[PDB]
Every structure is written in C-alpha cells, then in structure tokens.
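Presented as structure tokens, the chain that follows is alone, the form deposited in one PDB entry.
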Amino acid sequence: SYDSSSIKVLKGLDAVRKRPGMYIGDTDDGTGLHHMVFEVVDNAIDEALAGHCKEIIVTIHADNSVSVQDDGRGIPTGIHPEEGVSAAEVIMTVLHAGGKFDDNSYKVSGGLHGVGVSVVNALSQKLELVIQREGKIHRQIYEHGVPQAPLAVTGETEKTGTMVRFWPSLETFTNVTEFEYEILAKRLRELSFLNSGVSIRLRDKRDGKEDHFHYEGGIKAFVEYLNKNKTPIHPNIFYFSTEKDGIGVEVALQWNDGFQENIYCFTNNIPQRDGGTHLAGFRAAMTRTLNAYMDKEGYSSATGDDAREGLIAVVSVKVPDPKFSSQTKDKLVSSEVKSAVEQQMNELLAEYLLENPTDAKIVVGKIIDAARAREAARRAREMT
C-alpha cells in the first residue's frame, strides 16, 4: 500500500546516517574516514584565512580518535535566539547552519554548505567539543550526534580556540577503520604551503611520531617540493598572485624531464581531486599562450597535451561563493573562475616567456619533443 503513511521525513542528523555516501563519500576504503578529519581541519583553516588562527594541532590518539585544536575565535557559544540552544549545538545538530552564508564572519572560506562538522558529529560514536571564548572554557559531549548535556562553562582562560575530538562510528565505517598518519600528513603539508605563517602540527600518540609544518615560500616552494624527486628542466619557476574582480588567482609551475602532468588545483584551500573550471581555465590559457609565443618566435602541430607532459603546477583560487558538485568538494563547478584563471594566466605567462628567454627556449624544446614522441607512438601503433 503506497500512501501518505509511506512518506517519511528524516529529521536532525538521521539523513546523514541513513545516506552517508552523499555527505562523507566512501565509508569502506578509508577516504571517507579521513575526510572526517579534513572537515574539522578545513574549519580551522577558515579561521586562519580570516586572520584569526596561527596554530593548528592535529592529534591521532591511541584509542583511534582524532583531535583538532585551533587558536581561532572559537565556535560561538551564546544561545541562538531562534533555535533556543547554544549556537555551537545548532551547528553540531542541524544541517545547513553556520557563519559562511555571507562574508561578514569569513571574507573567504573553504566552508560553504553549513554541513561539515554536523556530518562528523552524526557519524561519530562520540564527539568532544571544547571551546575557548569570552574568558571561558565550554565543553559538550555528543554520542551518535546526540548532546548529552547543554554546552556548559567549565572554567576560565585567556585563550580563544576550538578543539574537536571524535571517535568514528563503526556502524558507518568499515574495512579501513584506523587513521593513517601519512594521509593526514600529505594534506597538512599542502595546507602549510598554502597558508604561510600558520603553524600546523601533527602528532601520533600511538607511536610518538610528530611533524611540524611551517613552510615558507608558499606555492612556489610547493612546486620545488613536488619537483624534488624529479628533474626540473629550467631554473625559473613561473609564479604570480593577483586579485581581480573579487577573485584571487595564484599560480606556480615548472616543467621537469618526465612525462606526467600533475596539476594541483585548490579553491579556498580545498583540493579538487576531480578538477573543475579552474583546471579548465588553466589548460586553456597555457595552450593559447604557448601557441602564441611559438607562432611569434617562429617555432611553429603541438596540442594542449604536449604542453602538459612534464608539467607540475599548482593553481590556487580564492572565491567569495564558489560552487562544488558535492560535500566532498572534489570538483569546482563555477564558470566565472574559468574566466578569471584563463585571463590572468594569459597575461602573466606571456610576460614570463618574454622576461625569461632561456626558460622559454627550453620549454619550447620540450613541447616540440613531446609532439615528436606522440607522433612516433601513433605511427608505431598504426604499423603493428
């Protein structure tokens, strides 16, 4: 019988537990599990982007919980006037709630859905929240997303910040159920390059291992790091940072003598594993600018792919209201970011090639060589 009684409304966080795939991703291969950590970290990085947090500490505890401490402003603790409970609890228990739906609290932020930390809460058998703010320490415990008591003041402090510790629920997560140091370290190292002046620490209480990431030199240094085990073919990394029409575009790149393409794309510091409009705009401008240079210099047929070979690049954009296809933010779907990246790249890469003739000639040589190897491969296939 299919009728009004067959229609069910899921309340509170029940939808997150019922359909975890659309909130956390894969609950069996480990990617979702680590994403729980990254949601919490991304909120601390957003305080850093806002100018209020200079230290983030991520700890893997010996009981397979993870904590993230920041020295930012603290999650607001006062009673929410419409909801009638602490704003912190509203944040933990309600989907599409937060401070990132306008630009008053965070000019730019990776956060935008008002979902992240409520997902972590919903899919955790236990979550501990400690907030330092307005001279007071506040604490609250949750179990499977359910607060055990209202947020309470437990003492005094001269500090500000948020600490979230969570124990992931094995009723949701399967197979890969323990945290992997290196997965966290890769992300935190990257965030250090992307956030100069922010101290990021990682501690594993299981074995005493620790790292302190505080790289200087930003995404240019990031490119050096990435080309470390490779062989750069020209000495001058191309780099710029601009802010035009409300969009920040920061790019660094350098070619190596290998044959892969590795473009790392970021939007408000969140990586897009599956690319997007920023990657689309980067590719377009590279192709156009290189072809124009080769045409003008009489070196001209190479396609976009030949310029891709041996390339390492980092594309980092800062956008007031970006659009992602999902909560995990694997893909940027904002058409105006394509235009901003393409426009800035076309202007500044053309200037780089004029100002750095030695590099320009090496890169042209590489593009020609990649095109030659591609045609030889095609001919060889046809002849088998």
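Sequential numbering from 1, following the sequence displayed.
J.: Checking the other compared PDB entries, only those that cover the residues flanking it, does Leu290 lack coordinates in at least one third?
T.: Other entries vs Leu290: none skip it.
J.: Is it the case that at least a third of the other compared entries omit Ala302, given both of its neighbours are modelled there?
T.: In at least a third of the other entries, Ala302 has no coordinates.
J.: Neighbours in the displayed sequence, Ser300 and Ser301 may still hide a gap; how many deposited residues lack coordinates there, none, 1 to 3, 4 to 9, or 10 or more?
T.: Gap size class: 4 to 9 residues without coordinates, per the record.
J.: Give the stretch, out of 82 to 90 and 250 to 258, with the larger mean C-alpha temperature factor in the deposited entry.
T.: Stretch with the greater average CA B-factor: 82 to 90.
J.: Please compare 73 to 81 with 189 to 197 and name the stretch with the higher mean C-alpha B-factor in the deposited structure.
T.: Of 189 to 197 and 73 to 81, the stretch with the higher C-alpha B-factor average is 73 to 81.
J.: Take the CA temperature factors straight from the PDB entry and tell me which of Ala313, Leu279, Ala307, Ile183 peaks.
T.: If I rank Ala313, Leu279, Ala307, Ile183 by C-alpha B-factor, first place goes to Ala307.
J.: Between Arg133, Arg165, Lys205, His234, let me know which has the highest C-alpha B-factor in the entry?
T.: Within the set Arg133, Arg165, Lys205, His234, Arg133 shows the top C-alpha B-factor.
J.: Could you say whether, by C-alpha temperature factor, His35 belongs to the lowest, middle or highest third of its chain?
T.: Tercile = lowest for this residue's CA B-factor.
J.: Classify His96 as lowest, middle or highest third according to the C-alpha B-factor given in the PDB entry, relative to its own chain.
T.: Answer is lowest: the recorded C-alpha B-factor places it there.
J.: If you rank every modelled residue in this chain by C-alpha B factor, which third holds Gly218: lowest, middle or highest?
T.: For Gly218, whose C-alpha B-factor we compare with every modelled residue in the chain, the answer is the middle third.
J.: Going by what the PDB entry lists, where does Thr157 fall on CA B-factor within its chain: lowest, middle or highest third?
T.: Answer is highest: the recorded C-alpha B-factor places it there.
J.: Looking at the temperature factor on the CA atom of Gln140, which third of the chain's modelled residues does it land in?
T.: Highest third of the chain for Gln140's C-alpha B-factor.
One more form of this protein, deposited in another entry, exists but is not displayed; see below.
J.: Hey, the CA atoms of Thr328 and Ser86 end up closer or farther in the other entry than in the shown form, with the change being 3 Å or more?
T.: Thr328 and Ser86 sit farther apart in the other entry.
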